[PDB]
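K.L.:
Could you have a look at this structure, given as structure tokens, before my questions?
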Ligand SMILES: *[C@@H]1O[C@H](CO)[C@@H](O)[C@H](O)[C@H]1NC(C)=O
Ligand SMILES: *[C@@H]1O[C@H](CO)[C@@H](O)[C@H](O)[C@H]1NC(C)=O
Ligand SMILES: *[C@@H]1O[C@H](CO)[C@@H](O)[C@H](O)[C@H]1NC(C)=O
Ligand SMILES: *[C@@H]1O[C@H](CO)[C@@H](O)[C@H](O)[C@H]1NC(C)=O
Ligand code: NA
Ligand code: NA
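Protein chains in written order, with the entry's author numbering: chain A, 162 to 698; chain A', 162 to 698. A prime marks a further copy of an entry chain.
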């Protein structure tokens, strides 16, 4: 076989297809490569097995199945909500990898591996917003994405070997070995693999930097709006079992903590869709039913202890937060107030209501410590301020501050860190204006969506997209985002240093550099508030 | 008598003298006019009596005696410390008024009455820094100053009629009636009297706006770095008696609360200087041994209740604070650290030490509420930040915030208010650089000291002085500081409105207008911290 579009992997040979990128540039794609046996029947909830070797030529020409998950309807066929909806058929057999090489195909090049994230309950590598064609063609990089098991199918934990937990993470781990073993045949470098993700993507990518098993399976990491030290990232093993036994109860299975083997076997029987729909009990804002847990194999300790002791891969890190993280989550949660319409506001009374509902676990000697910190004292009753104040307290505690912590611990262990604050809101953003730049807005720009002519992105937005695609790309290459011009000295993007803590503002005409972001509020949630709760309890 | 320099007051006639202002302009002065009988012997601690009518022509040609007080030596003959030292002989007979008319002498003009302040323990109208010659000549206003009894001689309270308290305030009150009765003969208007002062000066001027007795004795008020709602402004009647009986003990007199008439009579005997030296017991920063008290005559309620109920003269108010209030007081107090030298700094440890010593009455669940508010979280251990952070917490609690409160209550009662933040540090400032603009720095500029050729003020500083002299002067005239150009619309200096809370920055090239100043920290000390101390106690 002299055919460039057929490739012989360890488990057999596959046939790809040449496709046009929206830009018009040509790339080679391999879509739906099985990296594991379908985790069905006795294999559900369990760690994945490598794929059974196949005979003949297999067609990897079309986008694979998305894993079984819930879909978002709460806004009907709104373009803003439907972009995160799975665009392929939902199946238990979802374990596949997608490889996209640029044309001409390089002999040995950089590898960028995208781990999607849906709060560990949803998502797929097949989303339109994650399109490898624009990124691979413009930056000349091998772009790879994977499907990992999600929700209770991926993250159910009972301590038993029939449900050991972290199945989704072991999925990713196995997919990383596939890359290590098979990427050079697509023209990549097994040692130059750079992992990058958003939400759980970042939380996943981070957990590979920590994990013993996936330690030497990649080179660098890019983390978007997520860290392993976030509140929603992990659950206690004691709770994870209760969440599992509650799911057993809710679905009509044996829920007794006495006999665990009864519970898992009954669960294996039930339909996958009824299983994922019964995960949602009483949960506050920004907390999810089934997520990573410290299993003993993938992780043998909590990420907090790993970070403290300094047990993580010595690597360059590119990480950052968006300006308005919370808004997205305060829309779905707390849906009464702050609905999907233009010009919404919040009265001082409604604000005071919200901080109780958004922080239900604090003693009230902490509530007004929050309200004093998160109110604008130049004009306290301002309806705009009180609304934006909700986004900040959610955004900072659940997202922004946790990113800062991980970035600092990496910086002070002598690693090069690059911190960003993404401030750009699209002109064509479908969501209301007040939302501003929400959680996951940068994705469209890192993947080169503005370079699509069929979409009406302004000419400046197309430049901006190419700019951050460059930053991202040559970081995966060189360990540094700075372009060759000004790479020699006084960078556009300074290093996030332990004491300096600098970040770059990613916006349309701003090259502004600050320190943080939001160091005061981070000091609030990390230092002041915890010791106050101690002193009042 | 057709002589312009002789004037016939109600109690007899006086003879003045023409003097050159440092600028070279000529003014007429009357210095050391007795407005009351000397409060000596049986009259000590008591309310003043009007002066006994005199026969013939009296010479009021030289600066009168300063009241008995302590002097500052702690810095030896330092020019910065010695400017507040009394420059006339110290006497118990100190009750006099000074009148300065410009030449040519107007038929009927505006009256600006200066009440000095030394924390109610010191000060005199005769200080070089308060010179009427420059102000009167340049702004064409009748400038008047008075001497009021100070320290325990002025503010001793025992509830007894032999020591009823507020003697210093009744001194001022009597001096205001003298002005009402006698100023038209000097070419002033009895109804256009505008009171203005600094430190206790402002606290005094404010207490005239409140008091029933001195209500109709003036028109407007200008208040510099002081309000009646400040912590050090008043003492409880229960404490004032104890402070008096402690002073009785310390001087070797009967200190028993049983027999009060014994105590006062023994006190009347003792030398005035030994009496003023034994006032200082255990007192924290920015608190003074003998100050105004609610006597029942001058004030029948606490200023807090007066402000709340809205019982104060409906008038225009011009008030403001300086950028670094605390520094001056943290130098004399807490003298170990933060000494008088260039380039002093504060370590993070020393900072944490200070907040305990500077706030000795807070439970420690409040101490770190302060440290979190008053630390710079971009670089927390910064030695410059930690030093400046001490000035702010002292400046805000003891001065700046209290000025804001009084200014707001006047604004929301429908009165016109003009708030300033004085940001200008002299080039020739004798104190160390880090001190910046300290408590009482604006005085030199409001009195026209830069217009003195024998002093090396820059040509811009001379313009600045004339500018704020103008603001001050035509406020006393018109009720508005704005010059005729731009007085018609969109003022240089906007009104401090109840909701807007605007202030003007008084500096060299800044016409900048903000809102506050320092609304966050004021909300801290006024709203947040008090309810936190409640929740933790
Ligand atoms: C994939 O192979 C099928 C036959 O199984 C063929 O019908 C189809 O055209 C192929 N599509 C590709 C490789 O583009
Ligand atoms: C940045 O801001 C605007 C962007 O529209 C523009 O004037 C120019 O590119 C820059 N200039 C500024 C802030 O003066
Ligand atoms: C004040 O009067 C005295 C006489 O008592 C006289 O010696 C002195 O020159 C006068 N000074 C004045 C008014 O300038
Ligand atoms: C105010 O600042 C300086 C004062 O020296 C001067 O450039 C000018 O008067 C003003 N201009 C600015 C801030 O650009
Ligand atoms: Na998420
Ligand atoms: Na004072």
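We put the CB at the ideal spot given by N, CA and C, even for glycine.
With 8 Å set as the bound, which would you pick, yes or no: does the beta-carbon of residue 689 (chain A') sit closer than that to a beta-carbon of chain A?
P.N.:
The count along the second chain starts at 1 and reaches residue 689 (chain A') at position 528. By this cut-off, residue 689 (chain A') is an interface position.
K.L.:
Run the proximity test for residue 407 (chain A'): is its beta-carbon closer than 7 Å to any non-hydrogen atom belonging to ligand 3?
P.N.:
Along the second chain, one-based indexing puts residue 407 (chain A') at 246. Because no heavy atom of ligand 3 lies under 7 Å away, the Cβ of residue 407 (chain A') does not count as near it: no.
K.L.:
Kindly examine ligand 6 and report whether one of its heavy atoms sits closer than 7 Å to the Cβ of residue 361 (chain A').
P.N.:
Indexing the second chain from 1 puts residue 361 (chain A') at position 200. Checking every heavy atom of ligand 6 against the Cβ of residue 361 (chain A'), one is found closer than 7 Å.
K.L.:
Look at residue 398 (chain A) and residue 452 (chain A) and say whether their C-beta atoms are less than 8 Å apart.
P.N.:
Position 237 of the first chain, counting from 1, holds the residue named residue 398 (chain A). Position 291 of the first chain, counting from 1, holds the residue named residue 452 (chain A). For residue 398 (chain A) and residue 452 (chain A), no; Cβs fall outside 8 Å.
K.L.:
Rounded to the nearest angstrom, how far is the Cβ of residue 479 (chain A) from that of residue 491 (chain A), given a contact under 8 Å?
P.N.:
As a first step, residue 479 (chain A) must be located in the first chain, where it is residue number 318. As a first step, residue 491 (chain A) must be located in the first chain, where it is residue number 330. About 28 Å; that fails the 8 Å criterion.
K.L.:
With a Cβ-Cβ cutoff of 8 Å, do residue 263 (chain A') and residue 297 (chain A') count as a contact?
P.N.:
Start at 1 with the first residue of the second chain, and residue 263 (chain A') comes out as number 102. Start at 1 with the first residue of the second chain, and residue 297 (chain A') comes out as number 136. Result yes, Cβ atoms of residue 263 (chain A') and residue 297 (chain A') sit closer than 8 Å.
K.L.:
Run through DSSP, which three-state label would residue 583 (chain A) get?
P.N.:
Locating residue 583 (chain A) in the first chain gives position 422, where the first residue counts as 1. Residue 583 (chain A): strand per DSSP, three-state reduction.
K.L.:
Using Cβ-Cβ distances below 8 Å, what residues of the segment 670-681 of chain A' are close to chain A?
P.N.:
676, 677, 680 and 681
K.L.:
Within the same chain, show all residues whose beta-carbon is closer than 7 Å to that of residue 581 (chain A), passing over the 5 residues directly before and after it, in chain order.
P.N.:
By 1-based counting over the first chain, the position of residue 581 (chain A) is 420. Result list for residue 581 (chain A): 481, 664, 665 and 667, in chain order.
K.L.:
Going by DSSP in three states, residue 131 (chain A) sits in which element: helix, strand or coil?
P.N.:
Residue 131 (chain A) lies beyond the stretch modelled for chain A, which goes from 162 to 698, so this question has no answer here.
K.L.:
Nearest-angstrom Cα distance between residue 164 (chain A') and residue 345 (chain A')?
P.N.:
Reading the second chain from its first residue, position 3 is the one you call residue 164 (chain A'). Reading the second chain from its first residue, position 184 is the one you call residue 345 (chain A'). Approximately 16 Å between the Cα atoms of the pair.
K.L.:
Any chance you could list the residues with Cβ under 7 Å from a heavy atom of ligand 1, keeping chain order?
P.N.:
A:176, A:178, A:220 and A:222
K.L.:
For the structure I just gave you, are there three or more beta carbon pairs, one from the segment 677-684 of chain A and one from the segment 559-571 of chain A, closer than 8 Å?
P.N.:
yes
K.L.:
Among all the DSSP beta bridges, which residues are the ones paired with residue 190 (chain A)?
P.N.:
Taking the first chain and counting its residues from 1, the one referred to as residue 190 (chain A) is at position 29. For residue 190 (chain A), which the question treats as bridged, DSSP gives the partners A:178 and A:261.
K.L.:
Ignore the nearest five residues each way along the sequence and tell me which others in residue 531 (chain A')'s own chain have a CB closer than 7 Å to its CB.
P.N.:
Counting from 1 along the second chain, the entry for residue 531 (chain A') is found at position 370. Correct list, in chain order: 516, 520 and 554.
K.L.:
Can you have a look at residue 646 (chain A') and say buried or exposed, based on whether 16 or more other CB atoms are within 10 angstroms of its CB?
P.N.:
Along the second chain, one-based indexing puts residue 646 (chain A') at 485. It counts as exposed.
K.L.:
Around the C-beta of residue 623 (chain A'), are 16 or more other C-beta atoms found within 10 angstroms, so that it is buried, or is it exposed?
P.N.:
What you label residue 623 (chain A') is simply residue 462 of the second chain in a count that begins at 1. Looking at its Cβ environment, which holds 16 or more other Cβ atoms inside 10 Å, residue 623 (chain A') is buried.
K.L.:
If you draw a straight line from the alpha carbon of residue 688 (chain A) to that of residue 431 (chain A'), how long is it in whole angstroms?
P.N.:
Indexing the first chain from 1 puts residue 688 (chain A) at position 527. Indexing the second chain from 1 puts residue 431 (chain A') at position 270. Distance between the alpha carbons of residue 688 (chain A) and residue 431 (chain A') is about 57 Å.
K.L.:
Using a Cβ-Cβ cutoff of less than 6 Å, which residues in the same chain neighbour residue 267 (chain A') once the five nearest sequence positions on both sides are dropped?
P.N.:
What you label residue 267 (chain A') is simply residue 106 of the second chain in a count that begins at 1. Excluding sequence neighbours, residue 267 (chain A') sits near 348.
K.L.:
Buried or exposed for residue 692 (chain A), please, with buried defined as at least 16 other CB atoms from any protein chain shown within 10 angstroms of its CB.
P.N.:
Counted from its first residue, the first chain places residue 692 (chain A) at position 531. Its Cβ having fewer than 16 others within 10 Å, residue 692 (chain A) is exposed.
K.L.:
Report buried or exposed for residue 444 (chain A), applying the criterion of at least 16 other Cβ atoms within 10 angstroms of its Cβ.
P.N.:
Looking up residue 444 (chain A) in the first chain gives position 283. Residue 444 (chain A) comes out exposed.
K.L.:
So, is residue 367 (chain A) buried or exposed, given that buried needs 16 or more other C-beta atoms within 10 angstroms?
P.N.:
Taking the first residue of the first chain as position 1, residue 367 (chain A) is located at position 206. Label assigned to residue 367 (chain A): buried.
K.L.:
So, is residue 260 (chain A') buried or exposed, given that buried needs 16 or more other C-beta atoms within 10 angstroms?
P.N.:
Stepping through the second chain from its first residue, residue 260 (chain A') is reached at position 99. Residue 260 (chain A') comes out buried.
K.L.:
Which chain A' residues sit within Cβ distance under 7 Å of residue 720 (chain A)?
P.N.:
No answer is possible for residue 720 (chain A): it lies beyond the span of chain A, which begins at 162 and ends at 698.
K.L.:
Any heavy atom of ligand 5 within a distance shorter than 7 Å of the CB on residue 278 (chain A)?
P.N.:
For the purposes of this step, residue 278 (chain A) is taken as the residue at position 117 of the first chain. Indeed, a heavy atom of ligand 5 lies less than 7 Å from the Cβ.
K.L.:
By alpha-carbon positions, which one of A':227, A':355 and A':493 ends up nearest to residue 246 (chain A')?
P.N.:
Against the second chain, residue 246 (chain A') aligns to sequence position 85. Minimum Cα distance to residue 246 (chain A') is reached at A':227.
K.L.:
In chain order, what residues of the same chain lie with their CB nearer than 7 Å to the CB of residue 543 (chain A), ignoring the 5 residues before and after it?
P.N.:
Within the first chain, the letter at position 382 stands for residue 543 (chain A). Taken in chain order, the residues that qualify are 537.
K.L.:
Can you give, in chain order, each stretch of the alpha helix (DSSP H) that sits fully within the segment 281-353 of chain A and has at least 4 residues?
P.N.:
293-300, 312-316 and 328-343
K.L.:
DSSP puts residue 168 (chain A) in a beta bridge; with which residues?
P.N.:
The residue given as residue 168 (chain A) occupies position 7 in the first chain. Partner(s): A:175.
K.L.:
Which residues of chain A have a Cβ atom closer than 9 Å to the Cβ of residue 697 (chain A'), listed in chain order?
P.N.:
The count along the second chain starts at 1 and reaches residue 697 (chain A') at position 536. Here the neighbours are 526, 696 and 697.
K.L.:
Contact criterion: CB-CB distance below 8 Å. Does residue 724 (chain A') meet it with respect to chain A?
P.N.:
This structure cannot speak to residue 724 (chain A'), because chain A' is shown only from 162 to 698.
K.L.:
Is residue 670 (chain A') near ligand 4, with its Cβ less than 7 Å from a heavy atom?
P.N.:
For the purposes of this step, residue 670 (chain A') is taken as residue 509 along the second chain, with counting starting at 1. With a threshold of 7 Å, the Cβ atom of residue 670 (chain A') counts as near ligand 4, since some heavy atom of the ligand is closer than that.
K.L.:
Tell whether a beta-carbon distance below 8 Å holds between residue 360 (chain A') and residue 326 (chain A').
P.N.:
Start at 1 with the first residue of the second chain, and residue 360 (chain A') comes out as number 199. Start at 1 with the first residue of the second chain, and residue 326 (chain A') comes out as number 165. Their beta carbons are not under 8 Å apart, which means residue 360 (chain A') does not touch residue 326 (chain A') by this criterion.
K.L.:
Of all the options A:283, A:362, A:524 and A:390, which has the alpha carbon lying nearest to the alpha carbon of residue 382 (chain A)?
P.N.:
Reading the first chain from its first residue, position 221 is the one you call residue 382 (chain A). Out of A:283, A:362, A:524 and A:390, A:362 has the C-alpha closest to the C-alpha of residue 382 (chain A).
K.L.:
Just to confirm, are residue 599 (chain A') and residue 494 (chain A') a CB contact at a threshold of 8 Å?
P.N.:
Residue mapping note: residue 599 (chain A') aligns to position 438 of the second chain, counting from 1. Residue mapping note: residue 494 (chain A') aligns to position 333 of the second chain, counting from 1. Taking 8 Å as the Cβ cut-off, residue 599 (chain A') and residue 494 (chain A') do not qualify as a contacting pair.
K.L.:
Output, in chain order, the set of chain A residues within a Cβ distance shorter than 7 Å of residue 684 (chain A').
P.N.:
Walking along the second chain from the start, residue 684 (chain A') turns up at place 523. Here the neighbours are 538.
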